[PDB]
Amino acid sequence: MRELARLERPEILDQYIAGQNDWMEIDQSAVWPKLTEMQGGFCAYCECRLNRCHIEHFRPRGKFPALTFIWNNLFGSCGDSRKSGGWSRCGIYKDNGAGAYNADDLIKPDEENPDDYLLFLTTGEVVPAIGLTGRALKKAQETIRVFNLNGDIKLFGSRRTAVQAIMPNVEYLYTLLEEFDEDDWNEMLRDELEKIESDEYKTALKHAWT
Amino acid sequence: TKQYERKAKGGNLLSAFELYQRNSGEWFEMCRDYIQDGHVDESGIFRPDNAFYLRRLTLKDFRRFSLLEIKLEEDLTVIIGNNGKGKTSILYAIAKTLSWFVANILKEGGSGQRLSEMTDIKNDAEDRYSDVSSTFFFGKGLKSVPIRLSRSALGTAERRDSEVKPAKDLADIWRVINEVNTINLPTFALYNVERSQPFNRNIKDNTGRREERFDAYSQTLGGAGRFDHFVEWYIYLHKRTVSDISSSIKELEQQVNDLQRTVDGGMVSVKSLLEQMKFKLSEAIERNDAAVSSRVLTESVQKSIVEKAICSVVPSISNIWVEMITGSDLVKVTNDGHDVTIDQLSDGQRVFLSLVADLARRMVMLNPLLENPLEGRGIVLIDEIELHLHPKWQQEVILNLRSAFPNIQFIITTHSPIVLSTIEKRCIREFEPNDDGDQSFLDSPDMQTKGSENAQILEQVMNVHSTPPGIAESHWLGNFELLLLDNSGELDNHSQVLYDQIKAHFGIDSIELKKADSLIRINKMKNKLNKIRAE
Amino acid sequence: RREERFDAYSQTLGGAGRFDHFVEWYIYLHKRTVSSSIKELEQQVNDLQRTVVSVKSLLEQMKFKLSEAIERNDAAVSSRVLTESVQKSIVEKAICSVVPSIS
Ligand SMILES: Nc1ncnc2c1ncn2[C@@H]1O[C@H](COP(=O)(O)OP(=O)(O)O)[C@@H](O)[C@H]1O
Ligand SMILES: [Zn+2]
């Protein structure tokens, strides 16, 4: 997952108030363009390309009705219940598939940097980062469990495939460290990391390159 | 004689048995201990000290084979090949040989199955006969039990006789020792593609042949199993578990006593009924005694073992039980969380249930002295193990079977790379793809299959491309790469068109497009290097 | 199994004279007799095999004739038998001579 830069609150959230109003009332096409600015047409939790998608409350509307029209709590997740049932990661799984969970011990990607907690092995698994103990380990282990970041075969398979496709280019660049001088080589690595902003599963591709 | 005594004391089973036969205690006990002794492993599994397995098979002028020699593993051998390579022929040859053991365990001088003059002789055999030669192993005391089945063609220049005496001799040891004192017996079974068949609901509970121990050998090598026999046997077990026989004896004893008092009181009309009840009591006691005498697992325990086996091995089945619906007894299953009848199961589920149930029934019946009867010895042949199984089940089937039946030698045939991904290359015997029936020796593949990717097994072991060659789109990424290499790594008009076609057909987040993108990036970097080096 | 001379004694003293057996046997003999040294036949089979699509039917017929000749050659002196064509002719003559109104 990426560290996300939340910026400005959209105007429509000013009007609607918790208790009286419901999420069925509010227009969703008003909210999207700021999330699409924030995230870049990519999922908040898994970093797939968004096509079937929904506005996700990080703390859910049932348990936390206070945080219903609050800009910090909203995220663009993959999957859409309205179109087609049986989606098994991220927003939909957090509710249905993952059982009990404590909401406090999860990586909220606007607040926290994921990179400290999560590591992306080139064999395709996401794991806790090297040397976590106690509470930070519990957050890493539960973010992985509750968003189903390994247990979905579609996601795991797609992520492995992508990283394995670039691993020729990774090995070939690091050989040419020796022959090239530093300014040439550091320009090349900048240029490859420039590409992967526009790519799916960017954090996994980042860990392969750096 | 002194020589037999020396060999017998050296641990030779045949010599010990011959001394037993001539003197007909010590020699009997030696033979019994050879068969019965074993130990419990570190894993808690019983292991016989003297294992029984097929070691080698040779086929001469048999069906497609002019000459074929196969070494088999003690635990698991998997035979793979294209259609029409003779995988089934190999299993049939083994089954016919095993029939000679079964026949002679059942009856002295029983005859097993012979080779067919019409089908089993190779069509262009110069010698106009066929031979199936097998060598079995039974512990260090009996390292070699050679058997040969032979059949001459119809035109009959000379008769070639089968040599089956060693099979008979060994089977005689099992039969005779068992007659004196109950021993555990080896299971032999063949499961061919005929195991797939419709379930008849009309459970004809016959009389009570299904309760007899040697019913376990009935139709063992016929290919289908007898799932109907299982159902009848299982319902029988259920009825007996719900009703204790001793209470019936106690009740019958009380009824006999009450009737005897009435006859003693002057009511001569009930004397006929007393005699009938005394007969029934004697029969009940005898059955109880025979049950007691047979040292057999209780019906409750037998039921539990089989239920556990089925539920462990068959993924969709969590529970199996007997209902008393309306009048008739019905076997029900919890399948995918729902209670259904056997007739409501899918064909895949039923076929696999049938295999495991049948095998478990036979093992329980043949291994009464084992704490876990499924840890008995035997040889089981399974054709097309993946028959009707979804890929997910194919990933679990071998593991589940070997866990449930740890001392059975499995000889299996498969077309499934998914199955092969769970098996070591040492267990695999592959036919060469261009085998025109003259390959003397089946061999292990070069690549390790266990833990390998499916795509690699397909290409390296099964000689099948990862993409279908008869589809144009299957070639596009390859062609794209060639175009890139032809134009010094630069994306020309032709490469761009094909790139767009790939993108349009497979989609923006397709593996194919990502690979294409990767190729562009690596080629650009290679060219940049080349320019820097030139300057 | 093939026919052999002492099959003439099979079921001779009960079960003989069944119409269905005749019809089956007669059709069989007809099929065989529709369309001769072994070495010459072996040479002809070899020549025809070398030529082999249109001659494939002829090759199969000649291979059958060769096999039959070898079998007759291999067959024992005690089990000596007339050709299937001759057998057929004799039976036909017998039927036509004996049976009322069948010519
Ligand atoms: N009597 C025979 N003589 C020669 N070839 C035979 C004979 N019987 C069967 N075959 C060949 O054996 C093949 C069938 O072998 P089989 O064991 O069924 O193969 P599979 O490995 O697909 O199970 C056929 O392709 C056929 O050509
Ligand atoms: Zn997602």
# chains A, B, ... in the order shown; residues from 1 in each chain; ligands from 1
>>> residues_around(residues="segment 75-78 of chain C", least_positions_apart="6", cutoff="9 Å", atoms="only C-alpha atoms", output="MDAnalysis selection string")
(chainID B and resid 155:157) or (chainID C and resid 5)
>>> residues_around(residues="segment 505-511 of chain B", least_positions_apart="5", cutoff="10 Å", atoms="only C-alpha atoms", output="PyMOL selection string")
(chain A and resi 48-49+158+161-162+165+199-200) or (chain B and resi 473+499-500+516-517)
>>> write_last_selection(atoms="N, CA, C and O atoms", output="PDB file, in the first residue's frame")
ATOM      1  N   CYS A  48      -4.718  -2.169  -6.816  1.00  0.00           N
ATOM      2  CA  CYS A  48      -5.153  -2.537  -8.160  1.00  0.00           C
ATOM      3  C   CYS A  48      -5.637  -1.287  -8.899  1.00  0.00           C
ATOM      4  O   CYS A  48      -5.774  -0.225  -8.302  1.00  0.00           O
ATOM      5  N   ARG A  49      -5.793  -1.415 -10.225  1.00  0.00           N
ATOM      6  CA  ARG A  49      -6.450  -0.408 -11.044  1.00  0.00           C
ATOM      7  C   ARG A  49      -7.943  -0.445 -10.729  1.00  0.00           C
ATOM      8  O   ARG A  49      -8.542  -1.521 -10.768  1.00  0.00           O
ATOM      9  N   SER A 158      -1.875 -11.786  -9.433  1.00  0.00           N
ATOM     10  CA  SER A 158      -1.642 -10.577 -10.221  1.00  0.00           C
ATOM     11  C   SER A 158      -0.379  -9.840  -9.771  1.00  0.00           C
ATOM     12  O   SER A 158       0.363  -9.365 -10.624  1.00  0.00           O
ATOM     13  N   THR A 161       2.926 -11.990 -10.666  1.00  0.00           N
ATOM     14  CA  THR A 161       3.079 -11.884 -12.113  1.00  0.00           C
ATOM     15  C   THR A 161       3.753 -10.565 -12.500  1.00  0.00           C
ATOM     16  O   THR A 161       4.693 -10.602 -13.288  1.00  0.00           O
ATOM     17  N   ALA A 162       3.275  -9.432 -11.948  1.00  0.00           N
ATOM     18  CA  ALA A 162       3.780  -8.105 -12.289  1.00  0.00           C
ATOM     19  C   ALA A 162       5.239  -7.945 -11.866  1.00  0.00           C
ATOM     20  O   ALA A 162       6.046  -7.511 -12.686  1.00  0.00           O
ATOM     21  N   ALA A 165       7.657 -10.067 -13.898  1.00  0.00           N
ATOM     22  CA  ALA A 165       7.850  -9.554 -15.254  1.00  0.00           C
ATOM     23  C   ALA A 165       8.999  -8.543 -15.335  1.00  0.00           C
ATOM     24  O   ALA A 165       9.649  -8.497 -16.379  1.00  0.00           O
ATOM     25  N   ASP A 199       1.764   2.626 -12.760  1.00  0.00           N
ATOM     26  CA  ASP A 199       1.649   1.173 -12.845  1.00  0.00           C
ATOM     27  C   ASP A 199       0.833   0.621 -11.677  1.00  0.00           C
ATOM     28  O   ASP A 199       0.741   1.258 -10.627  1.00  0.00           O
ATOM     29  N   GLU A 200       0.264  -0.579 -11.885  1.00  0.00           N
ATOM     30  CA  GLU A 200      -0.467  -1.304 -10.859  1.00  0.00           C
ATOM     31  C   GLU A 200       0.524  -1.981  -9.911  1.00  0.00           C
ATOM     32  O   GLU A 200       1.517  -2.546 -10.374  1.00  0.00           O
TER      33      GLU A 200
ATOM     34  N   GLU B 473      -3.560 -15.591 -31.368  1.00  0.00           N
ATOM     35  CA  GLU B 473      -3.214 -14.688 -30.290  1.00  0.00           C
ATOM     36  C   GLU B 473      -2.160 -15.292 -29.375  1.00  0.00           C
ATOM     37  O   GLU B 473      -1.433 -14.561 -28.710  1.00  0.00           O
ATOM     38  N   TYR B 499       1.555  -4.268 -30.737  1.00  0.00           N
ATOM     39  CA  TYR B 499       1.371  -3.844 -29.360  1.00  0.00           C
ATOM     40  C   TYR B 499      -0.079  -3.430 -29.116  1.00  0.00           C
ATOM     41  O   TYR B 499      -0.678  -3.843 -28.125  1.00  0.00           O
ATOM     42  N   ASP B 500      -0.634  -2.636 -30.028  1.00  0.00           N
ATOM     43  CA  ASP B 500      -2.000  -2.172 -29.885  1.00  0.00           C
ATOM     44  C   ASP B 500      -2.985  -3.329 -29.964  1.00  0.00           C
ATOM     45  O   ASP B 500      -3.994  -3.318 -29.263  1.00  0.00           O
ATOM     46  N   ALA B 516       5.138  -7.195 -22.590  1.00  0.00           N
ATOM     47  CA  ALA B 516       5.488  -6.345 -23.715  1.00  0.00           C
ATOM     48  C   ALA B 516       6.129  -5.045 -23.221  1.00  0.00           C
ATOM     49  O   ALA B 516       7.175  -4.643 -23.731  1.00  0.00           O
ATOM     50  N   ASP B 517       5.506  -4.413 -22.219  1.00  0.00           N
ATOM     51  CA  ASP B 517       6.035  -3.190 -21.641  1.00  0.00           C
ATOM     52  C   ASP B 517       7.434  -3.415 -21.088  1.00  0.00           C
ATOM     53  O   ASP B 517       8.313  -2.581 -21.281  1.00  0.00           O
TER      54      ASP B 517
END
>>> residues_near_ligand(ligand="ligand 1", cutoff="8 Å", atoms="only C-alpha atoms and all ligand atoms", output="PyMOL selection string")
chain B and resi 62-65+80-90+118-124
>>> write_last_selection(atoms="N, CA, C and O atoms", output="mmCIF file, in the first residue's frame")
data_model
loop_
_atom_site.group_PDB
_atom_site.id
_atom_site.type_symbol
_atom_site.label_atom_id
_atom_site.label_comp_id
_atom_site.auth_asym_id
_atom_site.auth_seq_id
_atom_site.Cartn_x
_atom_site.Cartn_y
_atom_site.Cartn_z
ATOM 1 N N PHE B 62 3.168 -58.269 -24.947
ATOM 2 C CA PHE B 62 1.890 -58.063 -24.296
ATOM 3 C C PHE B 62 1.269 -56.798 -24.874
ATOM 4 O O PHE B 62 1.813 -55.714 -24.666
ATOM 5 N N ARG B 63 0.136 -56.944 -25.580
ATOM 6 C CA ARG B 63 -0.574 -55.810 -26.159
ATOM 7 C C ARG B 63 0.395 -54.987 -27.014
ATOM 8 O O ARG B 63 0.940 -55.509 -27.957
ATOM 9 N N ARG B 64 0.719 -53.744 -26.655
ATOM 10 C CA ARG B 64 1.540 -52.900 -27.505
ATOM 11 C C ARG B 64 3.023 -53.194 -27.261
ATOM 12 O O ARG B 64 3.858 -52.800 -28.075
ATOM 13 N N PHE B 65 3.365 -53.919 -26.180
ATOM 14 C CA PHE B 65 4.740 -53.992 -25.713
ATOM 15 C C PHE B 65 5.392 -55.245 -26.279
ATOM 16 O O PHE B 65 4.885 -56.339 -26.069
ATOM 17 N N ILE B 80 2.871 -42.057 -16.285
ATOM 18 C CA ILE B 80 2.354 -40.984 -17.113
ATOM 19 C C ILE B 80 2.704 -41.253 -18.570
ATOM 20 O O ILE B 80 3.672 -41.954 -18.859
ATOM 21 N N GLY B 81 1.893 -40.681 -19.467
ATOM 22 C CA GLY B 81 2.092 -40.814 -20.896
ATOM 23 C C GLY B 81 0.915 -40.262 -21.689
ATOM 24 O O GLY B 81 -0.116 -39.925 -21.117
ATOM 25 N N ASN B 82 1.086 -40.177 -23.004
ATOM 26 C CA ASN B 82 -0.007 -39.824 -23.890
ATOM 27 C C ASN B 82 -1.027 -40.960 -23.932
ATOM 28 O O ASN B 82 -0.760 -42.082 -23.492
ATOM 29 N N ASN B 83 -2.205 -40.641 -24.470
ATOM 30 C CA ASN B 83 -3.225 -41.636 -24.730
ATOM 31 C C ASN B 83 -2.686 -42.711 -25.673
ATOM 32 O O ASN B 83 -2.017 -42.398 -26.657
ATOM 33 N N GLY B 84 -3.010 -43.970 -25.356
ATOM 34 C CA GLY B 84 -2.642 -45.115 -26.163
ATOM 35 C C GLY B 84 -1.217 -45.592 -25.913
ATOM 36 O O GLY B 84 -0.729 -46.406 -26.696
ATOM 37 N N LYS B 85 -0.578 -45.143 -24.823
ATOM 38 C CA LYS B 85 0.784 -45.568 -24.540
ATOM 39 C C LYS B 85 0.845 -46.881 -23.747
ATOM 40 O O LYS B 85 1.928 -47.452 -23.645
ATOM 41 N N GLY B 86 -0.273 -47.371 -23.186
ATOM 42 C CA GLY B 86 -0.288 -48.647 -22.483
ATOM 43 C C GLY B 86 -0.311 -48.518 -20.959
ATOM 44 O O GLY B 86 -0.019 -49.501 -20.284
ATOM 45 N N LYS B 87 -0.657 -47.343 -20.413
ATOM 46 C CA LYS B 87 -0.684 -47.138 -18.968
ATOM 47 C C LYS B 87 -1.684 -48.095 -18.316
ATOM 48 O O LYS B 87 -1.358 -48.767 -17.337
ATOM 49 N N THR B 88 -2.873 -48.205 -18.918
ATOM 50 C CA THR B 88 -3.919 -49.077 -18.419
ATOM 51 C C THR B 88 -3.495 -50.537 -18.547
ATOM 52 O O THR B 88 -3.768 -51.314 -17.635
ATOM 53 N N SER B 89 -2.857 -50.897 -19.670
ATOM 54 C CA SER B 89 -2.356 -52.245 -19.889
ATOM 55 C C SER B 89 -1.449 -52.689 -18.746
ATOM 56 O O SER B 89 -1.549 -53.834 -18.306
ATOM 57 N N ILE B 90 -0.599 -51.785 -18.254
ATOM 58 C CA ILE B 90 0.310 -52.112 -17.166
ATOM 59 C C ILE B 90 -0.493 -52.480 -15.913
ATOM 60 O O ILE B 90 -0.201 -53.494 -15.283
ATOM 61 N N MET B 118 -7.102 -63.295 -27.240
ATOM 62 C CA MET B 118 -7.607 -62.426 -28.286
ATOM 63 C C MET B 118 -6.988 -61.036 -28.136
ATOM 64 O O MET B 118 -6.620 -60.432 -29.144
ATOM 65 N N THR B 119 -6.860 -60.544 -26.894
ATOM 66 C CA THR B 119 -6.580 -59.132 -26.683
ATOM 67 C C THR B 119 -5.184 -58.926 -26.107
ATOM 68 O O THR B 119 -4.619 -57.854 -26.321
ATOM 69 N N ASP B 120 -4.621 -59.924 -25.411
ATOM 70 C CA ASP B 120 -3.432 -59.691 -24.605
ATOM 71 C C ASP B 120 -2.157 -59.993 -25.382
ATOM 72 O O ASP B 120 -1.092 -59.542 -24.964
ATOM 73 N N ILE B 121 -2.268 -60.705 -26.513
ATOM 74 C CA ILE B 121 -1.102 -61.043 -27.311
ATOM 75 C C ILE B 121 -0.870 -59.900 -28.296
ATOM 76 O O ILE B 121 -1.795 -59.494 -29.009
ATOM 77 N N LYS B 122 0.383 -59.439 -28.370
ATOM 78 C CA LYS B 122 0.742 -58.411 -29.334
ATOM 79 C C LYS B 122 0.412 -58.879 -30.759
ATOM 80 O O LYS B 122 0.705 -60.019 -31.105
ATOM 81 N N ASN B 123 -0.160 -57.987 -31.589
ATOM 82 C CA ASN B 123 -0.663 -58.328 -32.919
ATOM 83 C C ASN B 123 0.424 -58.885 -33.855
ATOM 84 O O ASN B 123 0.123 -59.830 -34.587
ATOM 85 N N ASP B 124 1.678 -58.375 -33.819
ATOM 86 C CA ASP B 124 2.749 -58.826 -34.714
ATOM 87 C C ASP B 124 3.855 -59.549 -33.934
ATOM 88 O O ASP B 124 5.039 -59.436 -34.275
#
>>> residues_around(residues="residue 2 of chain C", least_positions_apart="4", cutoff="12 Å", atoms="only C-alpha atoms", output="PDB file with C-alpha atoms, in the first residue's frame")
ATOM      1  CA  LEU B 154      -4.722 -69.650 -31.069  1.00  0.00           C
ATOM      2  CA  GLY B 155      -2.559 -71.288 -33.827  1.00  0.00           C
ATOM      3  CA  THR B 156      -0.721 -73.226 -31.053  1.00  0.00           C
TER       4      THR B 156
ATOM      5  CA  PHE C   6     -13.807 -83.163 -33.837  1.00  0.00           C
ATOM      6  CA  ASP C   7     -16.313 -80.368 -33.282  1.00  0.00           C
ATOM      7  CA  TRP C  25     -22.577 -70.835 -39.756  1.00  0.00           C
ATOM      8  CA  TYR C  28     -19.938 -67.072 -41.842  1.00  0.00           C
ATOM      9  CA  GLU C  68      -4.933 -69.661 -43.492  1.00  0.00           C
ATOM     10  CA  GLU C  71      -2.465 -72.574 -40.319  1.00  0.00           C
ATOM     11  CA  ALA C  75      -2.407 -77.967 -38.452  1.00  0.00           C
TER      12      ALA C  75
END
>>> residues_near_ligand(ligand="ligand 2", cutoff="8 Å", atoms="only C-alpha atoms and all ligand atoms", output="list in words")
residues 43, 44, 45, 46, 47, 48, 77, 78, 79, 89, 90, 91 and 147 of chain A
>>> residues_around(residues="segment 391-396 of chain B", least_positions_apart="3", cutoff="7 Å", atoms="only C-alpha atoms", output="number ranges by chain")
B: 386, 399-400, 418-419, 422
>>> write_last_selection(atoms="N, CA, C and O atoms", output="mmCIF file, in the first residue's frame")
data_model
loop_
_atom_site.group_PDB
_atom_site.id
_atom_site.type_symbol
_atom_site.label_atom_id
_atom_site.label_comp_id
_atom_site.auth_asym_id
_atom_site.auth_seq_id
_atom_site.Cartn_x
_atom_site.Cartn_y
_atom_site.Cartn_z
ATOM 1 N N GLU B 386 -7.218 -38.495 -11.182
ATOM 2 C CA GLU B 386 -7.850 -37.186 -11.293
ATOM 3 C C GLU B 386 -9.281 -37.268 -11.856
ATOM 4 O O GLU B 386 -9.907 -36.217 -12.006
ATOM 5 N N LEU B 399 -1.995 -36.539 -1.170
ATOM 6 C CA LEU B 399 -1.621 -36.309 0.215
ATOM 7 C C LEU B 399 -2.640 -36.975 1.138
ATOM 8 O O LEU B 399 -2.247 -37.668 2.078
ATOM 9 N N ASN B 400 -3.931 -36.796 0.836
ATOM 10 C CA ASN B 400 -4.993 -37.338 1.662
ATOM 11 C C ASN B 400 -4.974 -38.862 1.642
ATOM 12 O O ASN B 400 -5.101 -39.479 2.701
ATOM 13 N N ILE B 418 -1.194 -30.994 -12.140
ATOM 14 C CA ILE B 418 -1.466 -30.515 -10.796
ATOM 15 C C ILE B 418 -1.182 -31.646 -9.818
ATOM 16 O O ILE B 418 -0.587 -31.401 -8.771
ATOM 17 N N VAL B 419 -1.566 -32.870 -10.191
ATOM 18 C CA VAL B 419 -1.268 -34.028 -9.364
ATOM 19 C C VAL B 419 0.248 -34.203 -9.279
ATOM 20 O O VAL B 419 0.783 -34.395 -8.189
ATOM 21 N N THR B 422 2.672 -32.489 -6.810
ATOM 22 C CA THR B 422 2.655 -32.875 -5.406
ATOM 23 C C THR B 422 3.491 -34.134 -5.194
ATOM 24 O O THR B 422 3.495 -34.664 -4.086
#
>>> residues_around(residues="residue 151 of chain B", least_positions_apart="6", cutoff="10 Å", atoms="only C-alpha atoms", output="mmCIF file with N, CA, C and O atoms, in the first residue's frame")
data_model
loop_
_atom_site.group_PDB
_atom_site.id
_atom_site.type_symbol
_atom_site.label_atom_id
_atom_site.label_comp_id
_atom_site.auth_asym_id
_atom_site.auth_seq_id
_atom_site.Cartn_x
_atom_site.Cartn_y
_atom_site.Cartn_z
ATOM 1 N N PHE B 62 3.168 -58.269 -24.947
ATOM 2 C CA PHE B 62 1.890 -58.063 -24.296
ATOM 3 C C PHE B 62 1.269 -56.798 -24.874
ATOM 4 O O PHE B 62 1.813 -55.714 -24.666
ATOM 5 N N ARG B 114 -6.503 -65.462 -16.092
ATOM 6 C CA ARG B 114 -5.542 -65.754 -17.153
ATOM 7 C C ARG B 114 -5.501 -64.617 -18.175
ATOM 8 O O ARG B 114 -6.433 -63.818 -18.252
ATOM 9 N N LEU B 115 -4.424 -64.582 -18.976
ATOM 10 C CA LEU B 115 -4.286 -63.634 -20.073
ATOM 11 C C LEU B 115 -5.215 -64.043 -21.211
ATOM 12 O O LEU B 115 -5.407 -65.234 -21.451
ATOM 13 N N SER B 116 -5.776 -63.054 -21.910
ATOM 14 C CA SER B 116 -6.663 -63.302 -23.037
ATOM 15 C C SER B 116 -5.862 -63.629 -24.299
ATOM 16 O O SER B 116 -4.920 -62.928 -24.647
ATOM 17 N N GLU B 117 -6.294 -64.669 -25.021
ATOM 18 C CA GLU B 117 -5.699 -65.052 -26.300
ATOM 19 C C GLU B 117 -6.006 -64.040 -27.403
ATOM 20 O O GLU B 117 -5.250 -63.943 -28.373
ATOM 21 N N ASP B 120 -4.621 -59.924 -25.411
ATOM 22 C CA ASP B 120 -3.432 -59.691 -24.605
ATOM 23 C C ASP B 120 -2.157 -59.993 -25.382
ATOM 24 O O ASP B 120 -1.092 -59.542 -24.964
ATOM 25 N N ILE B 121 -2.268 -60.705 -26.513
ATOM 26 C CA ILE B 121 -1.102 -61.043 -27.311
ATOM 27 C C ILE B 121 -0.870 -59.900 -28.296
ATOM 28 O O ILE B 121 -1.795 -59.494 -29.009
ATOM 29 N N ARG B 128 4.296 -65.540 -31.015
ATOM 30 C CA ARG B 128 2.865 -65.821 -30.884
ATOM 31 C C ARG B 128 2.501 -66.273 -29.461
ATOM 32 O O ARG B 128 1.673 -67.172 -29.279
ATOM 33 N N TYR B 129 3.141 -65.669 -28.444
ATOM 34 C CA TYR B 129 2.734 -65.818 -27.055
ATOM 35 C C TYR B 129 3.011 -64.507 -26.316
ATOM 36 O O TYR B 129 3.755 -63.664 -26.823
ATOM 37 N N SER B 130 2.428 -64.376 -25.108
ATOM 38 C CA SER B 130 2.633 -63.220 -24.248
ATOM 39 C C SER B 130 3.032 -63.659 -22.838
ATOM 40 O O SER B 130 2.501 -64.653 -22.343
ATOM 41 N N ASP B 131 3.928 -62.875 -22.198
ATOM 42 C CA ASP B 131 4.370 -63.132 -20.834
ATOM 43 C C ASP B 131 4.246 -61.893 -19.952
ATOM 44 O O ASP B 131 4.642 -60.800 -20.360
ATOM 45 N N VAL B 132 3.702 -62.109 -18.743
ATOM 46 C CA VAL B 132 3.679 -61.108 -17.692
ATOM 47 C C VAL B 132 4.444 -61.673 -16.496
ATOM 48 O O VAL B 132 3.929 -62.531 -15.779
ATOM 49 N N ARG B 159 2.657 -75.035 -26.277
ATOM 50 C CA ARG B 159 1.952 -74.451 -25.141
ATOM 51 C C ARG B 159 2.985 -73.837 -24.193
ATOM 52 O O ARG B 159 3.977 -74.497 -23.873
ATOM 53 N N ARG B 160 2.784 -72.556 -23.829
ATOM 54 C CA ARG B 160 3.582 -71.875 -22.817
ATOM 55 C C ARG B 160 2.762 -71.813 -21.531
ATOM 56 O O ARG B 160 1.688 -71.204 -21.503
ATOM 57 N N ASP B 161 3.280 -72.444 -20.473
ATOM 58 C CA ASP B 161 2.542 -72.544 -19.227
ATOM 59 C C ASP B 161 2.929 -71.402 -18.293
ATOM 60 O O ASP B 161 4.085 -70.970 -18.273
ATOM 61 N N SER B 162 1.938 -70.929 -17.525
ATOM 62 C CA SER B 162 2.162 -69.961 -16.465
ATOM 63 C C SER B 162 2.897 -70.622 -15.294
ATOM 64 O O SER B 162 2.705 -71.812 -15.052
#
>>> residues_around(residues="residue 98 of chain A", least_positions_apart="2", cutoff="12 Å", atoms="only C-alpha atoms", output="MDAnalysis selection string")
chainID A and resid 88:96 100:103 142:149 151
>>> select_by_dssp(residues="segment 424-528 of chain B", states="strand (DSSP E or B)", output="list in words")
residues 428, 429, 430, 441 and 443 of chain B
>>> interface_residues(of="chain A", to="chain B", cutoff="12 Å", atoms="only C-alpha atoms", output="PyMOL selection string")
chain A and resi 48-51+157-177+179-181+184-185+187-189+191-193+195-196+198-201
>>> residues_around(residues="segment 375-381 of chain B", least_positions_apart="6", cutoff="10 Å", atoms="only C-alpha atoms", output="PyMOL selection string")
chain B and resi 45-48+50-54+74-77+91-92+94-95+98+184-192+220-221+223+359+363-364+366-369+403-413
>>> select_by_dssp(residues="segment 157-217 of chain B", states="alpha helix (DSSP H)", output="PyMOL selection string")
chain B and resi 165-180
>>> atom_distance(atom1="atom CA of residue 99 of chain A", atom2="atom CA of residue 337 of chain B")
19.4 Å
>>> atom_distance(atom1="atom CA of residue 360 of chain B", atom2="atom CA of residue 210 of chain B")
14.1 Å
>>> closest_residue(among="C:8, C:29, C:38, C:48", to="residue 87 of chain C", atoms="only C-alpha atoms")
C:29
>>> atom_distance(atom1="atom CA of residue 24 of chain A", atom2="atom CA of residue 6 of chain A")
24.3 Å
>>> closest_residue(among="C:41, C:70, C:34, C:58", to="chain B", atoms="only C-alpha atoms")
C:70
